[PDB]
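Excluded from the calculations below are hydrogen atoms, water molecules and symmetry mates; all remaining heavy atoms, backbone and side chain alike, are included. Each residue takes its place number in the sequence, starting with 1.
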Amino acid sequence: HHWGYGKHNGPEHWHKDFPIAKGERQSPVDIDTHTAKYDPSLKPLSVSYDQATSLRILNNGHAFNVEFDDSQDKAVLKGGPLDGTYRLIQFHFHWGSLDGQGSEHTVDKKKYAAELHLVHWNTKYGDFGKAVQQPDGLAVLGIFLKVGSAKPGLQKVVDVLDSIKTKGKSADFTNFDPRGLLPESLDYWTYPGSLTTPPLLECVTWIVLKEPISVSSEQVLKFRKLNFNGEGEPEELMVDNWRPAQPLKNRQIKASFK
Ligand SMILES: COc1ccc(C[C@H]2SC(=O)NC2=O)c(OC)c1
Ligand SMILES: [Zn+2]
């Protein structure tokens, strides 16, 4: 599979190798704030990242992933719409060429500069590969980025990017605290969806925070210096690595807040 984000291999082409691209619960979606309904049944959201163990940062030619040790319940997401325990395995971002685009989810059609995805898997399925074959296998916590003041908790990530410029490069990335990427409020929207890259599996409970985080123009500029290509290949800047909004179809987006 040679999927990407260019004219010739981008989102509009994915359906040929991955027919689920036109399925019934695809992500991302536009979040219409005037349609999403407060759900009093949602339990409190619990982000328990105190024992998180980051390992490594990898440029995979699509984004960069910060990977965690998920061999035990060290960093978990629970509560909200979720039944049981979801283990943090990695986070990554999607971003734009310009500050007015980059997010995958949109809010009343507004695009943010970027979007952070913290990917977790349901521990009742034993491993990640099994979890992605289930409708309730993953929980992705999505956080919007806007350009304003610098995010201090992001700078350790920004500073390692020079060392993973091209596809297939990785670097040791220990002792990174993902709590420094969260906004103040955990108010969220939730809906059932999919992975936003191939293989596009319909296995995700999306939890999208309402409050964006602010990052500096300098921070996001350094994201944009990454490369999609491998070392020694013609430079293709890693920008606009986002899938656009997909049809909502027969789904409701629930709000955790009034
Ligand atoms: C096979 O299971 C997976 C799971 C998650 C991703 C990451 C995707 S899903 C998302 O929300 N954003 C992304 O980039 C994946 O990518 C190959 C593959
Ligand atoms: Zn993502």
Side-chain angles (χ1 to χ4, degrees), residues 1-32 58-65 89-107 109-119 121 128-129 131-135 137-138 140 142 144-145 161 164-170 191-206 208 220 223-251 253:
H1 304 295
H2 308 331
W3 67 268
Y5 296 96
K7 184 179 174 62
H8 307 297
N9 69 353
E12 75 268 35
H13 292 273
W14 296 349
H15 69 101
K16 294 177 271 173
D17 276 331
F18 304 95
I20 204 171
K22 302 173 46 159
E24 300 304 305
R25 55 176 278 186
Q26 288 288 293
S27 291
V29 299
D30 183 56
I31 298 163
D32 191 82
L58 165 70
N59 180 336
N60 64 17
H62 313 295
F64 63 85
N65 288 354
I89 179 169
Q90 52 108 323
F91 71 77
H92 59 274
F93 306 77
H94 308 265
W95 63 92
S97 51
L98 305 164
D99 299 345
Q101 61 199 67
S103 67
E104 299 211 299
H105 291 91
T106 54
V107 180
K109 302 294 178 89
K110 183 188 170 65
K111 295 170 164 99
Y112 287 87
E115 188 173 331
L116 167 61
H117 291 161
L118 296 126
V119 183
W121 60 272
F128 179 89
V132 301
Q133 302 177 59
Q134 316 304 323
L138 298 186
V140 186
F144 297 122
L145 281 62
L161 300 181
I164 61 154
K165 185 179 178 174
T166 49
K167 177 177 192 190
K169 290 196 80 182
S170 67
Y191 76 99
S194 76
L195 308 181
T196 66
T197 61
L200 303 165
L201 301 169
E202 293 180 337
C203 64
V204 183
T205 304
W206 276 97
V208 179
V220 69
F223 284 19
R224 297 183 186 134
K225 289 179 75 68
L226 290 163
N227 281 186
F228 284 128
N229 55 283
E231 191 181 359
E233 297 172 353
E235 191 173 41
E236 300 170 287
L237 297 172
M238 186 177 280
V239 300
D240 294 316
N241 60 348
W242 50 278
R243 190 190 191 191
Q246 299 304 304
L248 192 59
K249 300 181 165 177
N250 183 223
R251 296 176 287 181
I253 300 181

Spell out, as yes or no, whether a donor-acceptor pair under 3.5 Å connects the side chain of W14 to the backbone of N9. yes

State, with a plain yes or no, whether a side-chain heavy atom of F144 is found less than 4.5 Å away from one of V208. yes

Who pairs with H1 by ring pair (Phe, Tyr, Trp, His ring centres under 6.0 Å), at least two apart in sequence or on another chain? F18

Please set out all donor-acceptor pairs under 3.5 angstrom arising from side-chain atoms of residues 192-201, sequence neighbours excluded.
{"from": "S194", "atom 1": "OG", "to": "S27", "atom 2": "N", "distance (Å)": "2.9"}
{"from": "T196", "atom 1": "OG1", "to": "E104", "atom 2": "OE1", "distance (Å)": "2.7"}

If you round to the nearest 0.5 Å, how far is NE2 of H117 from CZ of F93? 10.5 Å

Does some side-chain heavy atom of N60 sit less than 4.5 Å from a side-chain heavy atom of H92? no

At their closest point, which heavy atom of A131 faces which heavy atom of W121, and how far apart are they? CB-CB, 4.0 Å

Test of understanding: with salt bridge (charged side-chain N to carboxylate O under 4.0 Å, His left out), list the residues that count as partners of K225, not counting sequence neighbours. none

Does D240 use its side chain to pair, donor to acceptor, with the backbone of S97 at less than 3.5 Å? yes

Trace of the side-chain contact (heavy atoms from CB on, under 4.5 Å) decision for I253 with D32: CA-CA 8 Å; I253 300 181; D32 191 82; over 6 Å; no

Within the distance-only criterion (no hydrogens, no angle test), does the side chain of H94 pair as donor or acceptor with the backbone N or O of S103 below 3.5 angstrom? no

Sorted by chain and number, sequence neighbours left out, ring pair (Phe, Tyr, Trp, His ring centres under 6.0 Å) with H62 holds for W3

What is the minimum heavy-atom distance between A245 and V29, and which atoms define it? CB-C, 3.9 Å

Parallel, tilted or perpendicular: which fits the ring planes of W206 and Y191, with parallel below 30° and perpendicular above 60°? parallel

Find the distance between CZ (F128) and CD (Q133) and round it off to the nearest 0.5 Å. 11.0 Å

Supply the atom-to-atom distance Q246 CD to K22 NZ, rounded to the nearest 0.5 angstrom. 11.0 Å

In terms of side-chain geometry, is the basic nitrogen of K167 or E236 positioned less than 4.0 Å from the acidic oxygen of its partner? no

For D30, which residues count as a salt bridge (charged side-chain N to carboxylate O under 4.0 Å, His left out) partner, sequence neighbours excluded? none

Partner set under salt bridge (charged side-chain N to carboxylate O under 4.0 Å, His left out) for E233, not counting sequence neighbours: none

For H8, check side-chain contact (heavy atoms from CB on, under 4.5 Å) against everything at least two apart and list the hits. none

Does some side-chain heavy atom of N227 sit less than 4.5 Å from a side-chain heavy atom of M238? no

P135 meets the side-chain contact (heavy atoms from CB on, under 4.5 Å) criterion, sequence neighbours left out, with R25

Mind checking ring pair (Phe, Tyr, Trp, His ring centres under 6.0 Å) for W95 and listing every partner two or more places apart, or none if nothing turns up? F64, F223

Do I20 and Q26 come within less than 4.5 Å of each other through their side chains, counting heavy atoms only? yes

Residues passing the side-chain contact (heavy atoms from CB on, under 4.5 Å) test with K110, sequence neighbours excluded, are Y112

Taking the side chain as every heavy atom from C-beta outward, state whether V220 and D99 have any pair of such atoms under 4.5 Å apart. yes

To the closest 0.5 Å, what do you measure between CG (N229) and CG (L226)? 10.5 Å

Spatial distance of atom CD (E235) from atom NZ (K165) [nearest 0.5 Å]: 4.5 Å

Counterpart residues, salt bridge (charged side-chain N to carboxylate O under 4.0 Å, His left out), relative to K249 (two or more places apart): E24

In Å, rounded to the nearest 0.5 Å, how long is the span from NE2 of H105 to CZ of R243? 10.5 Å

Once side-chain contact (heavy atoms from CB on, under 4.5 Å) is applied, do any residues pair with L98, and if so which ones, sequence neighbours excluded? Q101

